[PDB]
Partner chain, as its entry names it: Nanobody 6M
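Heads up, the chain below is alone and in the form deposited without its partner chain; it's given as C-alpha cells.
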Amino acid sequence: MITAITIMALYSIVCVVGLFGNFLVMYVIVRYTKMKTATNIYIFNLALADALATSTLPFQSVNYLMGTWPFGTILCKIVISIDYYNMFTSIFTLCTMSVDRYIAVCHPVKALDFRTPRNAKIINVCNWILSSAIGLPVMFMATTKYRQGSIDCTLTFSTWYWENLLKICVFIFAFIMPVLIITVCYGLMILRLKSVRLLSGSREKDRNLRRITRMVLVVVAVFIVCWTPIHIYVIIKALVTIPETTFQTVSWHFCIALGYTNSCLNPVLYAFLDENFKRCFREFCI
C-alpha cells in the first residue's frame, strides 16, 4: 500500500529522470560534429538503448496499483521486447567501445584509419543485428494471458526448454563474452599506457586519450555493477528454484530497479566525467 506507492513514486522519478537525461545525451551527441568522435558514436547508442528501456516505465509501474494490463498486447509485446533488447544493445555497445579503445591505444597507426565514424556506425548496426537475433523471438512469443483475475502480459514458449535456452543465450552471448572481450582489451591498454611514456605524442592529446578511456572504463564498470545483480539473480533463481519469500521478492524488485536506474545514472556519469558533456549540460540547459 504505502510501500507500493513509494515504489511507484520511485519508478516514476526514475522514468522521468532517465528519459530526460538520455534524451539530453542523444541531443548533445547529435548537436555538433566536434562531438561526433568514435567514442561518442557508441555513447549515442548506449543512451538510445537506455532511453528506449526507460520509456516503458510508466506502463511497467502503473501495474503495481491494479494487477491488470489495460494498455494492450501490442504494447505488451513492445515492452517485453524492450526489456530484452536493452541488455543486448547496451552490453554490446560497451564491448565495442572498449575494443575501440584498444585500437586507439595499442595500434594508433591503424586506429585513425579503421575508426572512422562510418565504421563506428557500422559496428553500431552490427550490434543491432546481433541483438535482434535474440530479441525478435521475444516479441514474436510475447503475448498477454487472459487470466481469470486480471489480464496479464507474459512470454510464452513451446516451455521448459526454450525459456531456459534464451536465458543461457543471454548469460553467455551477452554478459560473459562481452565482459571477457572488455577485460582482454583493457588488460593490454593499461600496460601500453604505462610502458609507453606518451601515447599520442602531443601531451594534450595523450591526456585527452587517457581521460576519455577512463570515462569509458567508468561507464563500463557502472554498467557491470548495475547489471550483474539482475543477470546473476535471473540465472540463479532458475538454477536452484529459489522459492517465494519476503527477502527474495525484495531482492528481485531491487535488482530490477537498479537495472532500470542505470539508465538515469548514466547522465550523471557523463556530467561528472567529461568536460564537453558538463559544459553542454549547462549550455543547452540555460
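Residue numbers count along the first chain shown, from 1.
Form deposited with its partner chain bound: not shown, discussed below.
Participant: Is every one of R31, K34 and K36 in contact with its partner chain in the bound PDB entry, taking contact as a heavy atom within 4.5 Å?
Facilitator: Not a single residue of the candidate spot has a heavy atom within 4.5 Å of its partner chain in the bound PDB entry.
Participant: Can you check whether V234 is within 4.5 Å of its partner chain in the bound PDB entry, heavy atom basis?
Facilitator: Looking in the bound PDB entry, residue contacts with its partner chain do not include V234, since no heavy atom lies within 4.5 Å.
Participant: Answer with yes or no whether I190 is in contact with its partner chain in the bound PDB entry, where contact means some heavy atom within 4.5 Å.
Facilitator: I190: contacts its partner chain in the bound PDB entry.
Participant: Is there a heavy atom of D83 lying 4.5 Å or less from a heavy atom of its partner chain in the bound PDB entry?
Facilitator: Because no heavy atom of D83 falls inside 4.5 Å of its partner chain in the bound PDB entry, the answer is no.
Participant: With the partner left out of view, is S131 within 4.5 angstroms of its partner chain in the bound PDB entry by any non-hydrogen atom?
Facilitator: Looking in the bound PDB entry, residue contacts with its partner chain do not include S131, since no heavy atom lies within 4.5 Å.
Participant: Specify the contacting stretch among 88-96, 162-170, 202-210, 142-150, defined as having any heavy atom within 4.5 Å of its partner chain in the bound PDB entry.
Facilitator: It is the stretch 202-210.
Participant: Just one of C255, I224, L217, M26 has a heavy atom within 4.5 Å of its partner chain in the bound PDB entry. Which one?
Facilitator: The residue in contact is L217.
Participant: Just give me the single entry in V196, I176, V184, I122 that has a non-hydrogen atom within 4.5 angstroms of its partner chain in the bound PDB entry.
Facilitator: Spelling it out, the residue with a heavy atom inside the cut-off is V196.
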